[PDB]
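**Q** Encoded as structure tokens, here's the structure I'll be asking about.
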Amino acid sequence: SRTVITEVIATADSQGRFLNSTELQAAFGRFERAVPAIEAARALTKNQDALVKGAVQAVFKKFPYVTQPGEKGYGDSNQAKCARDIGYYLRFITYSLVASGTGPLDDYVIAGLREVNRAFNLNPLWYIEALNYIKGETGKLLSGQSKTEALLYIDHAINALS
Amino acid sequence: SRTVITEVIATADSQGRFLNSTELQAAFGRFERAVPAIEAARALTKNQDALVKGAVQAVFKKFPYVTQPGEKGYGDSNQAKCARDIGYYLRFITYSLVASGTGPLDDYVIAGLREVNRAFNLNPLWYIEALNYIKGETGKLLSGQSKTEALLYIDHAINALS
Amino acid sequence: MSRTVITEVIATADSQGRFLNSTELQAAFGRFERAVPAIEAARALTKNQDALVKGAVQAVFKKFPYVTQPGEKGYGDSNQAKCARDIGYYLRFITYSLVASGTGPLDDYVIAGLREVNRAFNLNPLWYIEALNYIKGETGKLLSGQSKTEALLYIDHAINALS
Amino acid sequence: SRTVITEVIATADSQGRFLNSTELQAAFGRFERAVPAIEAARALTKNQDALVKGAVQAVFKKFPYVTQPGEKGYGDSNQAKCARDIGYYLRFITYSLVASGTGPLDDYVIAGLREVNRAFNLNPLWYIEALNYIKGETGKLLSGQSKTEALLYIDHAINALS
Amino acid sequence: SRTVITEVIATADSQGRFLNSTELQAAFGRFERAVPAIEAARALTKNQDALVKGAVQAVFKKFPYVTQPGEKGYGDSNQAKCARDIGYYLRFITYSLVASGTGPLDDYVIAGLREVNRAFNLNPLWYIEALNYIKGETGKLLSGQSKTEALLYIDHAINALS
Amino acid sequence: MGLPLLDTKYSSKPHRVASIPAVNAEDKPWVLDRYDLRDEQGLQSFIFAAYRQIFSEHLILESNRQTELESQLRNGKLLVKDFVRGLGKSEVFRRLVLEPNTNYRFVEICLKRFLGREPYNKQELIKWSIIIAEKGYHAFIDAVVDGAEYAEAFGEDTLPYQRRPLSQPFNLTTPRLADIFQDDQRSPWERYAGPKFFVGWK
Amino acid sequence: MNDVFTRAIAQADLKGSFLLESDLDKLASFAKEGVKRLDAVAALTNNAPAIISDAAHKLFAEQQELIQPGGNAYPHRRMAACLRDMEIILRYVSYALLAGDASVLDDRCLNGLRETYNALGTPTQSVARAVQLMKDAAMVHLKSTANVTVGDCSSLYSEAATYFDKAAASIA
Amino acid sequence: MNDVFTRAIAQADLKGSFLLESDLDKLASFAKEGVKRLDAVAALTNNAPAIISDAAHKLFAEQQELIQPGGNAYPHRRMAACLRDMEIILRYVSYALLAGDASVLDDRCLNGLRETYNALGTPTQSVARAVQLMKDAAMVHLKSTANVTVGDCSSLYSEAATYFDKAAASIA
Amino acid sequence: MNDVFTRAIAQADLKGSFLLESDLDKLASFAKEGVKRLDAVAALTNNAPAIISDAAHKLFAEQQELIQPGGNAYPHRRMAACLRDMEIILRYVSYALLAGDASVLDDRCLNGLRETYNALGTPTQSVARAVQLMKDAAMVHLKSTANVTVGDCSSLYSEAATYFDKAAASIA
Amino acid sequence: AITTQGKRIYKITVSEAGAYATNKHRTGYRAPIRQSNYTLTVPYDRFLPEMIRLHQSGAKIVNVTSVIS
Ligand SMILES: CCC1=C(C)/C(=C/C2=NC(=C\c3[nH]c(/C=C4\NC(=O)[C@H](C)[C@H]4CC)c(C)c3CCC(=O)O)/C(CCC(=O)O)=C2C)NC1=O
Ligand SMILES: CCC1=C(C)/C(=C/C2=NC(=C\c3[nH]c(/C=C4\NC(=O)[C@H](C)[C@H]4CC)c(C)c3CCC(=O)O)/C(CCC(=O)O)=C2C)NC1=O
Ligand SMILES: CCC1=C(C)/C(=C/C2=NC(=C\c3[nH]c(/C=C4\NC(=O)[C@H](C)[C@H]4CC)c(C)c3CCC(=O)O)/C(CCC(=O)O)=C2C)NC1=O
Ligand SMILES: CCC1=C(C)/C(=C/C2=NC(=C\c3[nH]c(/C=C4\NC(=O)[C@H](C)[C@H]4CC)c(C)c3CCC(=O)O)/C(CCC(=O)O)=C2C)NC1=O
Ligand SMILES: CCC1=C(C)/C(=C/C2=NC(=C\c3[nH]c(/C=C4\NC(=O)[C@H](C)[C@H]4CC)c(C)c3CCC(=O)O)/C(CCC(=O)O)=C2C)NC1=O
Ligand SMILES: CCC1=C(C)/C(=C/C2=NC(=C\c3[nH]c(/C=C4\NC(=O)[C@H](C)[C@H]4CC)c(C)c3CCC(=O)O)/C(CCC(=O)O)=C2C)NC1=O
Ligand SMILES: CCC1=C(C)/C(=C/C2=NC(=C\c3[nH]c(/C=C4\NC(=O)[C@H](C)[C@H]4CC)c(C)c3CCC(=O)O)/C(CCC(=O)O)=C2C)NC1=O
Ligand SMILES: CCC1=C(C)/C(=C/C2=NC(=C\c3[nH]c(/C=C4\NC(=O)[C@H](C)[C@H]4CC)c(C)c3CCC(=O)O)/C(CCC(=O)O)=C2C)NC1=O
Ligand SMILES: CCC1=C(C)/C(=C/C2=NC(=C\c3[nH]c(/C=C4\NC(=O)[C@H](C)[C@H]4CC)c(C)c3CCC(=O)O)/C(CCC(=O)O)=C2C)NC1=O
Ligand SMILES: CCC1=C(C)/C(=C/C2=NC(=C\c3[nH]c(/C=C4\NC(=O)[C@H](C)[C@H]4CC)c(C)c3CCC(=O)O)/C(CCC(=O)O)=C2C)NC1=O
């Protein structure tokens, strides 16, 4: 996929030269931020069960009408799809945290997002405010460098959706 | 020139995208390395004349023939041009340290090195010897990370010449 | 720079660097026949534009009750005016496309740049989908025969591209 | 390799069009030139040994410093490699004389000469002046059109080295 | 125009290099070949009037119907244009002889010939007949290399016409 | 992608009407093709011609040389179109040609070097430059080399050449930079203010 | 495309001299405040759609003549182009804010934009107004004390305002 | 192209679950060894011309028929091709070493080299000998403790050994 | 592009008439002296590196201001471009000397050279000085008699001198 | 090409059988005619457009292989 060191190797291969000072500096700048991001990934992993619920009920609070019958959100299987989607999103946020780059998130969510949302009549605002709830609760579940990492990845996913 | 920040900006601009998290982590890695690198640049600037003259005499010792009349190194003008060239190399190495990227070297010295050296019948080995002297004196003059950075840039110059 | 029958003919002739062969004249003559029901539909649609626009706004409200309550896009007198204006735009360009006997007006004025603008202003395409479906239902009554089909083609094209 | 007839045939086939006047008549001129050229190649191949030994001490004469210990010229196998290289150059000069084109010498020496010389630190000026010695010796060995042909091929090789 | 020397220069410039040995050899061949070609062109220049008149007569002989009224060749002006066209063809053949390349021929008559003849309903067979008859006479007027040059350029015009 | 581009709004140019052979054959640019790639010296000449066409013969330095593209071209795993696109999407091309220029002069240079013809008019620079502004010169280069006009004029196996009598070469008239102040240079009126390092009979 | 480091290097090279100790001190200070600089550029990047939507809402409430038939942003294509231009300018301002030097913005965005708009029939005063509205919307987000360590970012705010001002002035 | 962390991501996403405690701990343990790994890759880089020079010298000292007329690397073009192959092999080995994953090297450099060599008629076993010589010089230049802090590097040496060995096996 | 023969042909064609016998005699004389012309062109070709090296040495002795920092031949790149321009001009001069007609210079090299140099900010008087220095260095190699039969070639000397002066005037 | 997409390049074998020859003869030959079969390598990102281009050209593909995985 795409990471910081992945971009290092990619640009070195494009310019066709041995790894130099700039991109080795980038590699260790990645490695220093590796362990706060790992702590962020662990903390976000521990609490996955509370977040998936909190997110789907936050979605329902934001859009009361989707729950009402004759709509799309109606249906237990649709509820399970809600939970599965949020699980995928936070899973790939954890992956991006681990890899120190938005590559896994890019590849597994953002690639082809718009037309998938278009064809299945999925409203991106649903996931934007779901990630908004997740961002709000990571505002308290983490602090410091790990919190900044999680916040940046969540906001980048939100911008991709919007 | 080309630094970490300029690589980041150019890579973002060639895909027409905003600066994402990977680029900012690379930038932070640069900003944290700047302190040792600027310390190395300050030390190397303090030691102008000693380093330059030592490198010139090292070149003269390793190539005793060049100082003989009828050769390149004979005459006050040619020795002055030797001192000037080694000063150029040292100046651009300090520029690279400050920039935290091999842009100053690659753009000022390296780009066009073979063509000019071949046209004027300059030997890359003279400069390789001088830079090896500078590398040796750097270990005395610098301690810790600053020495590592300076050695990295001098090594890049030596690899470019050879 | 619209993409109509005559323009497609001339563009494909010029691209090939040749005069207009007989097939191109054949297509042009088909367009010239076709214009009469198209102009009839454009007339019977521009004549009744006001009823169509009002009915479309009301139909959107009926299908989307939630847009009306406070804190939503539909609440507001100015937003009502912009409802009517947007639907009038769509209807006007449908009539233009009928006159031009192509989708050129829709593609050039509405369809190109639709999704970015809707995303930027958070306008739901389903609102206009419902309004255009209402207009389709009515132009079923207003028109009949070849003109009815000809109007339905362009209304359908607008709906398909809104999707 | 590449020669006049090769150029003619390759050009005509590239255009997929028969040999026009100019191709025929260039081939004609080559066929007249074939007579002095083969005699020149004979005269060169008669005297290979004397030429190679003369050239090698020409090298050691204008560059005394190579034979000092720790330099490239010092050593018996090193000088044997020198003799082999000068033999290669003379053989390729003869090849080009026979073929009436520098194509042999181009494809077998010039192709990737510079990077190979830089890899093994073989200073070209050695070979320029060895070919200068061969030029001077064929200045008396040959006479007439054979002489001017040998001189022009040695000039091509020298220009390539420089 | 296309010429031996001009092709030399164009080929050298395309590869961004100086005029190498083979290319100068082609130029030398052209300079040697100039004398027969210039003598042949001078001989054609003296006999221009008899040649053009006879060529018009041969055209009328092999194509009797065009002389009849209601056809292309009937009319005093059309016969004046017979003479003018054949004078053009012969003049451009002499231009090619002097230039030692078909450059003038393709420059003036050959390029655009087909659609000009098609637009003005000029049957190329008339000119093929006239050029064949000029070929027959230039067999008599010239002997040796000069005859070969003339027949070469005339047969080039013949192939182009057919 | 995104929005559609504007209208091309053509202009009368020699390339638009080239049914007739050009005036001088020697002034016709050399149409270099795949059969040149099979030989070794021919391959070197092709590579030099590509660098002259895109980089303009003054950027042909051992430091600007794309080794990997040359190796791929040597294998035959790479189309000539892909070699040209890779030269366009290279750090040297950006750093030397894109950076000094605006989007518009860069578009003009790219038209002259990849398509072989000068722009129809300024509105063509305007309509092309938005691809740069919105997607990067990478997407601009792909748009040019995958475009209809490039596919028609040259194709996948031909190396671009100027569609002009070549008695008026493009590289001579268009430098990589024109009428800009360079941060590494000095104004012509200014004088050096630094160490003299020597006294040669001043 | 120069950052502050490369600008200092280029001036030092033109003088033919090493970098003075004061210049090294200024660059060390820049590197020290680079963390706050990264926070600011992240704030601009992660709120780009919101900034553009706010600026657009204000601009087309204020200037209704654009969105009318015969206005410059009337059909969907021109409205989309308006929003796209705003996003481009915001992108280049964020680049400049990261680099600390407006060379990137002038070179790659603003160098020939006024004449492009004149050739397209675009009211450059309206574009400058749009850039100012983007400035306001971006300053609302840059000053967000929540979610970041609290500190003095007045210098960063002034730099961002200067880049937005310089964009607006160069356009109109 | 992947790194070891992308490898673990790939397996975890294949299984659907998240990163386990053991996986996350192993990744962190590798990450703190990143500054460990940069020194090794820098040693490979800064001495690459020296490594390749000595490797070529030894390879042509032990095999003589290669430079012999009729040999594979006899003309200057083919000798330059040999040196460039050693260049690219070492560069991609260093790339893989920094990555910690074999994916990049095996996918990009080693994917179609053996078939190309078979087509060209180049002896692949000689390439294997050259890459072992390159491995020898690489260990020589890695083990140097000068200019860097003393420490335990057996894991990096072992991984580089595996990397050179698998490259040799793939070419062979 | 026209050589001398094609130039005479073009003149005659403008007059719409056959070539005069005097014109044929002139072209015959040119063809006869073509071998001396070929030696002149070969003298320029073979000694080209010496010509460019000497011209550069003299030019950078005269104008130190070009090689000082900020000069227009200062960094290695600009010096290499200088040397490349010098070889380009010498190469086109050899082309014109071969053809006998300076159409090559005007068409390909000097059509808009001054405008280009002004665009690049190059000192044009220094380019003219470089061309004059190449002329001075090249006359020495042309006048050399070693390994060529002695003869009278002052006409070729004047021709080469006027090609160099034409290039220098067109640039300057 | 950094992502997983730019990896997994695919080799394509193309045959220029009579359907392609008819199209090239009616439209014309802008380049000299080449041999029938050739193996042409493409990354994943240009895979779909390239089969679109080949199918439009009328050439019938013989073989496709995955160079990577
Ligand atoms: C971008 C930075 C830069 C560099 C590095 C540079 C090197 C450089 N040195 C030069 C001269 C020279 N430099 C030397 C140096 C030699 N003197 C002793 O012999 C030593 C053994 C040896 C130095 C280690 C000599 C002898 C010359 C004169 C060359 C000649 O005139 O033939 C020249 C030719 C211009 C001139 O005539 O002054 C260049 C381009 N130029 C640049 O713009
Ligand atoms: C070429 C044709 C064209 C179209 C179609 C178009 C759509 C359009 N409608 C707009 C306003 C609007 N339009 C609506 C429409 C909604 N109101 C709700 O009651 C309904 C469910 C629904 C309509 C039935 C709304 C809510 C707004 C205000 C959006 C906002 O200001 O955030 C705007 C923003 C311009 C402004 O108000 O300053 C655009 C671009 N523009 C065009 O130039
Ligand atoms: C580059 C040199 C050149 C050539 C060679 C040339 C051929 C030429 N001959 C022409 C006239 C003509 N040419 C002919 C054909 C000749 N008369 C017939 O009786 C004979 C069978 C035949 C002599 C072999 C005729 C009948 C005309 C006048 C009417 C017409 O063009 O249809 C014309 C049309 C111009 C006009 O009179 O309006 C052309 C282009 N033009 C050129 O600029
Ligand atoms: C990287 C630097 C750069 C930029 C930013 C740039 C902008 C740019 N804006 C354009 C058109 C446009 N620009 C605008 C924007 C204006 N209209 C509204 O009234 C607003 C007041 C205002 C936006 C805030 C519009 C509406 C068009 C469309 C004009 C048309 O479609 O005819 C175009 C050409 C037409 C196109 O293909 O869309 C460009 C290239 N070009 C560059 O090289
Ligand atoms: C991956 C990208 C990245 C981010 C997101 C990042 C944020 C970041 N902000 C920090 C502190 C800070 N952050 C800010 C910025 C805030 N000050 C005001 O509240 C403003 C509203 C706002 C900026 C406009 C300041 C002033 C500091 C203190 C800097 C210092 O201690 O020197 C720190 C250091 C932790 C500390 O000093 O305790 C980090 C890592 N760093 C990064 O490499
Ligand atoms: C195609 C024809 C061809 C040529 C021309 C050629 C030149 C050539 N000579 C070589 C060996 C060598 N040749 C020399 C010769 C130099 N040292 C002294 O003897 C002389 C002063 C001077 C010669 C004028 C030296 C020193 C080496 C060994 C380099 C080293 O081991 O470091 C090598 C490298 C082989 C190796 O290092 O194992 C090459 C490529 N090779 C070819 O295949
Ligand atoms: C994926 C990145 C990449 C790789 C891996 C690569 C290797 C590579 N080496 C090649 C040629 C070659 N390589 C060699 C080297 C052999 N000769 C023996 O003496 C040595 C033991 C051995 C070297 C270790 C030779 C002789 C050739 C040329 C074969 C020929 O011309 O027939 C070629 C054919 C292309 C050309 O040279 O024009 C490639 C692709 N190139 C690349 O872009
Ligand atoms: C700009 C590129 C860059 C480099 C070059 C770099 C090297 C680097 N090596 C370090 C310590 C170290 N370096 C090594 C590696 C060495 N130990 C043995 O001598 C081996 C010969 C050799 C391995 C090749 C070790 C074992 C440590 C100490 C481990 C630790 O502190 O945990 C440190 C931290 C402490 C210090 O040295 O000041 C750095 C930053 N980091 C970077 O970001
Ligand atoms: C058709 C033949 C032809 C000529 C003649 C020609 C001149 C020429 N020289 C150029 C670069 C240059 N030319 C020079 C020449 C100067 N250096 C010193 O000042 C001297 C006074 C002087 C040379 C004696 C320099 C310094 C540059 C580099 C300027 C730059 O890259 O910005 C460029 C710009 C090309 C580029 O930047 O990519 C052109 C067009 N170009 C051609 O295609
Ligand atoms: C490979 C391409 C090629 C070349 C280069 C070539 C040169 C060449 N030079 C010749 C003689 C000559 N060469 C010269 C020219 C020299 N006289 C000196 O004073 C001047 C310094 C110098 C002029 C620059 C002269 C005057 C002659 C005597 C023939 C004559 O005067 O016409 C001859 C006639 C044979 C002879 O009697 O020696 C040839 C063929 N031939 C070729 O096929």
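Following the order of the structure tokens, chains are lettered A, B, ..., residues in each are numbered from 1, and ligands are numbered from 1.
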Could the residues of chain I within 12 Å of chain B, counting only C-alpha atoms, be given as an mmCIF file with N, CA, C and O atoms, in the first residue's frame, please?
**A**
```cif
data_model
loop_
_atom_site.group_PDB
_atom_site.id
_atom_site.type_symbol
_atom_site.label_atom_id
_atom_site.label_comp_id
_atom_site.auth_asym_id
_atom_site.auth_seq_id
_atom_site.Cartn_x
_atom_site.Cartn_y
_atom_site.Cartn_z
ATOM 1 N N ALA I 48 37.537 20.221 -32.558
ATOM 2 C CA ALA I 48 36.467 20.951 -31.882
ATOM 3 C C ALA I 48 36.636 21.018 -30.372
ATOM 4 O O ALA I 48 36.452 22.109 -29.805
ATOM 5 N N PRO I 49 36.943 19.929 -29.656
ATOM 6 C CA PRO I 49 37.145 20.075 -28.207
ATOM 7 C C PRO I 49 38.242 21.056 -27.856
ATOM 8 O O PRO I 49 38.091 21.826 -26.902
ATOM 9 N N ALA I 50 39.336 21.070 -28.617
ATOM 10 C CA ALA I 50 40.398 22.034 -28.364
ATOM 11 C C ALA I 50 39.912 23.456 -28.590
ATOM 12 O O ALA I 50 40.230 24.359 -27.809
ATOM 13 N N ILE I 51 39.135 23.671 -29.649
ATOM 14 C CA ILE I 51 38.625 25.004 -29.951
ATOM 15 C C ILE I 51 37.745 25.498 -28.818
ATOM 16 O O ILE I 51 37.891 26.630 -28.337
ATOM 17 N N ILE I 52 36.830 24.647 -28.358
ATOM 18 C CA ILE I 52 35.908 25.067 -27.311
ATOM 19 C C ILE I 52 36.649 25.283 -26.001
ATOM 20 O O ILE I 52 36.372 26.240 -25.272
ATOM 21 N N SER I 53 37.597 24.405 -25.678
ATOM 22 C CA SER I 53 38.346 24.555 -24.436
ATOM 23 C C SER I 53 39.139 25.851 -24.425
ATOM 24 O O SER I 53 39.133 26.587 -23.432
ATOM 25 N N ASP I 54 39.837 26.147 -25.522
ATOM 26 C CA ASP I 54 40.605 27.383 -25.587
ATOM 27 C C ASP I 54 39.700 28.603 -25.509
ATOM 28 O O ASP I 54 40.004 29.566 -24.792
ATOM 29 N N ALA I 55 38.578 28.584 -26.233
ATOM 30 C CA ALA I 55 37.664 29.715 -26.186
ATOM 31 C C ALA I 55 37.136 29.933 -24.778
ATOM 32 O O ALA I 55 37.060 31.073 -24.307
ATOM 33 N N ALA I 56 36.785 28.854 -24.078
ATOM 34 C CA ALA I 56 36.288 28.989 -22.716
ATOM 35 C C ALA I 56 37.361 29.529 -21.787
ATOM 36 O O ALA I 56 37.089 30.404 -20.956
ATOM 37 N N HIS I 57 38.586 29.018 -21.903
ATOM 38 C CA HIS I 57 39.658 29.496 -21.039
ATOM 39 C C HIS I 57 39.872 30.986 -21.220
ATOM 40 O O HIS I 57 39.932 31.742 -20.243
ATOM 41 N N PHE I 60 36.761 33.089 -19.865
ATOM 42 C CA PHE I 60 36.646 33.174 -18.418
ATOM 43 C C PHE I 60 37.877 33.786 -17.776
ATOM 44 O O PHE I 60 37.837 34.123 -16.590
ATOM 45 N N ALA I 61 38.971 33.927 -18.521
ATOM 46 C CA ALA I 61 40.029 34.816 -18.071
ATOM 47 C C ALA I 61 39.634 36.271 -18.275
ATOM 48 O O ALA I 61 39.870 37.113 -17.403
ATOM 49 N N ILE I 67 31.840 33.706 -13.947
ATOM 50 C CA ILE I 67 32.055 32.514 -13.145
ATOM 51 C C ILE I 67 32.002 32.807 -11.652
ATOM 52 O O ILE I 67 32.114 31.885 -10.843
ATOM 53 N N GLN I 68 31.845 34.062 -11.267
ATOM 54 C CA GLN I 68 31.604 34.377 -9.871
ATOM 55 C C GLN I 68 30.191 33.958 -9.489
ATOM 56 O O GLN I 68 29.334 33.802 -10.356
ATOM 57 N N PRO I 69 29.928 33.741 -8.207
ATOM 58 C CA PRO I 69 28.572 33.375 -7.801
ATOM 59 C C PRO I 69 27.547 34.393 -8.252
ATOM 60 O O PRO I 69 27.775 35.601 -8.156
ATOM 61 N N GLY I 70 26.422 33.914 -8.765
ATOM 62 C CA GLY I 70 25.477 34.761 -9.440
ATOM 63 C C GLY I 70 25.802 35.019 -10.894
ATOM 64 O O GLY I 70 24.958 35.567 -11.609
ATOM 65 N N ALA I 73 27.656 31.742 -15.790
ATOM 66 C CA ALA I 73 28.288 30.445 -15.956
ATOM 67 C C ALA I 73 28.715 29.888 -14.608
ATOM 68 O O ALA I 73 29.657 29.102 -14.524
ATOM 69 N N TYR I 74 28.042 30.313 -13.539
ATOM 70 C CA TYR I 74 28.558 30.009 -12.214
ATOM 71 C C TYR I 74 28.350 28.549 -11.844
ATOM 72 O O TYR I 74 29.340 27.810 -11.754
ATOM 73 N N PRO I 75 27.127 28.074 -11.612
ATOM 74 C CA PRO I 75 26.981 26.690 -11.174
ATOM 75 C C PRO I 75 27.358 25.777 -12.321
ATOM 76 O O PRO I 75 27.371 26.179 -13.484
ATOM 77 N N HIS I 76 27.702 24.539 -11.982
ATOM 78 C CA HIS I 76 28.190 23.625 -13.004
ATOM 79 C C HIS I 76 27.201 23.501 -14.149
ATOM 80 O O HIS I 76 27.598 23.317 -15.305
ATOM 81 N N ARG I 77 25.910 23.607 -13.848
ATOM 82 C CA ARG I 77 24.899 23.455 -14.882
ATOM 83 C C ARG I 77 25.000 24.556 -15.922
ATOM 84 O O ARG I 77 24.974 24.288 -17.131
ATOM 85 N N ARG I 78 25.141 25.798 -15.477
ATOM 86 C CA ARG I 78 25.206 26.906 -16.413
ATOM 87 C C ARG I 78 26.515 26.912 -17.183
ATOM 88 O O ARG I 78 26.537 27.286 -18.356
ATOM 89 N N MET I 79 27.607 26.471 -16.566
ATOM 90 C CA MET I 79 28.858 26.345 -17.305
ATOM 91 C C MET I 79 28.764 25.267 -18.373
ATOM 92 O O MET I 79 29.266 25.441 -19.493
ATOM 93 N N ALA I 80 28.122 24.149 -18.050
ATOM 94 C CA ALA I 80 27.918 23.110 -19.046
ATOM 95 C C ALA I 80 27.057 23.612 -20.190
ATOM 96 O O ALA I 80 27.313 23.292 -21.356
ATOM 97 N N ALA I 81 26.029 24.403 -19.882
ATOM 98 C CA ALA I 81 25.198 24.965 -20.942
ATOM 99 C C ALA I 81 25.984 25.946 -21.801
ATOM 100 O O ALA I 81 25.783 26.014 -23.017
ATOM 101 N N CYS I 82 26.868 26.727 -21.185
ATOM 102 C CA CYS I 82 27.780 27.581 -21.939
ATOM 103 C C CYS I 82 28.605 26.780 -22.934
ATOM 104 O O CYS I 82 28.667 27.109 -24.128
ATOM 105 N N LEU I 83 29.261 25.728 -22.451
ATOM 106 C CA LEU I 83 30.087 24.910 -23.326
ATOM 107 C C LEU I 83 29.259 24.255 -24.419
ATOM 108 O O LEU I 83 29.723 24.109 -25.557
ATOM 109 N N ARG I 84 28.030 23.870 -24.097
ATOM 110 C CA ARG I 84 27.149 23.291 -25.097
ATOM 111 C C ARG I 84 26.786 24.301 -26.174
ATOM 112 O O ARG I 84 26.746 23.961 -27.360
ATOM 113 N N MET I 86 28.644 26.783 -27.098
ATOM 114 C CA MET I 86 29.840 26.959 -27.903
ATOM 115 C C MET I 86 29.980 25.840 -28.927
ATOM 116 O O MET I 86 30.272 26.097 -30.103
ATOM 117 N N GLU I 87 29.748 24.594 -28.514
ATOM 118 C CA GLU I 87 29.896 23.506 -29.474
ATOM 119 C C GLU I 87 28.781 23.541 -30.506
ATOM 120 O O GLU I 87 29.001 23.192 -31.669
#
```
**Q** Do you have, as a Markdown table, the list of residues of chain A lying at most 8 Å from ligand 5, each with its nearest atom pair and that distance in Å to one decimal, counting only C-alpha atoms and all ligand atoms and ordered by chain then number?
**A**
```
| residue | atom | partner | partner_atom_place_in_ligand_line | distance |
| --- | --- | --- | --- | --- |
| A:144 | CA | ligand 5 | 35 (C) | 6.9 |
| A:145 | CA | ligand 5 | 40 (C) | 5.8 |
| A:148 | CA | ligand 5 | 5 (C) | 5.4 |
| A:149 | CA | ligand 5 | 1 (C) | 6.3 |
| A:152 | CA | ligand 5 | 5 (C) | 6.8 |
```
**Q** Kindly compile the residues surrounding ligand 2 within 7 Å, counting only C-alpha atoms and all ligand atoms, and format them as a ChimeraX atom specification.
**A** /C:57,60-61,67,73-75,79-80,82-84,86-87,89-90,109-110,117,121-123,127-128,131 /G:57,60-61,64,67,74-76,79
**Q** What do you get as a VMD selection string if you pick all residues at most 9 Å from ligand 10, counting only C-alpha atoms and all ligand atoms?
**A** (chain D and resid 33 144 to 145 148 to 149 152) or (chain E and resid 20 to 29) or (chain I and resid 32 to 43 141 to 146 148 to 154 156 to 157)
**Q** To one decimal place in Å, what is the distance between atom CA of residue A:6 and atom CA of residue A:99?
**A**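 So the two atoms, atom CA of residue A:6 and atom CA of residue A:99, lie 9.7 Å apart.
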**Q** How many Å lie between atom CA of residue G:114 and atom CA of residue F:4, rounded to one decimal?
**A** 22.1 Å
**Q** For a quick test of understanding: name the residues of chain A lying within 10 Å of chain C when counting only C-alpha atoms, and present them as a list in words.
**A**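 Applying the cut-off to the listed atoms yields residues 63, 64, 65, 118, 119, 121, 123, 124, 125 and 162 of chain A.
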**Q** Using only C-alpha atoms, which chain E residues lie at most 9 Å away from chain F, written as a PyMOL selection string?
**A** chain E and resi 1-3+6-7+9-11+14-16+103+106-108+111-112
**Q** Of the residues J:49, J:6, J:32, J:43, which is the one nearest to residue F:157, using only C-alpha atoms?
**A** J:32
